[PDB]
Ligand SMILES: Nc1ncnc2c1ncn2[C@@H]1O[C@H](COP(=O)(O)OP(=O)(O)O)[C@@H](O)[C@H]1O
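In the form solved without this ligand, a lone chain appears below as C-alpha cells.
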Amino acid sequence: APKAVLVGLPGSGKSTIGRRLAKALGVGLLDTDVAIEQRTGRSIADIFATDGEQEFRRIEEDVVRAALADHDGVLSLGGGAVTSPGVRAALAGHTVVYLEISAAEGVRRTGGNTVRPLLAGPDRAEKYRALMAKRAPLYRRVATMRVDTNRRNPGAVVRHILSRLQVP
C-alpha cells in the first residue's frame, strides 16, 4: 500500500510535490495516468477521443485500485479519479494528501502545451473553475490531510507534509 496518495486538480503540483515527497520518504512515485498509458498502450487523449470519458473512468478506477494494493511508495491520482465512487471507496483507510490551489494559480500552471481533454481552450479558466467547484467536495471527502500549495513554494509544502505525516 502507498505511504501517501496525492489528490488534487491538474496544476495543484501532484507531479512535483509527489516527486519530492517520494525522494524524502525514500520510495518510488507512481502516477496513475502513467500506469493507464503503460497498461493500455494508449495515450490518455486517445482514450477520451475515441472511447469517451465514461470508459476512461472505468479503466482508471481499475488501475487506481490495483495501485492502492500493489504500490508501496507515493501514489499520485489523476485529477478526476475522485469523481468515481469506486475510487473514493478504495481510498478509505489510506493516507490521502489533498493539494489545494486557487483557480487563478491553477489556470496559470496549466497554460502550456500539455494535452488535457477536459481543460482545453477557449475559456480554459471557466472550465477550471467548473472542475474546482464540482470536485472540491470530493477531494475533501477522501482527504486525511489538506495542504495549501498557494504561495507556499514546493519545498515548504513537502516539509509541511512530512511533519504532518509523522505526528498526531
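Residue numbers run from 1 along the displayed sequence.
The same protein has a further form, the form deposited with this ligand bound, not shown here; the description that follows concerns it.
The closest heavy atom approach of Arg109 to this ligand in the entry with it bound falls within 4.5 Å. This ligand in the entry with it bound comes within 4.5 Å of a heavy atom belonging to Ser15.
A residue is said to contact a partner when one of its heavy atoms sits within 4.5 Å of a partner heavy atom; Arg152 meets this definition for this ligand in the entry with it bound. Interface residue remark: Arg116 is counted as part of the site for this ligand in the entry with it bound, having a heavy atom within 4.5 Å. Residues of 25-40 are not found to place any heavy atom within 4.5 Å of this ligand in the entry with it bound.
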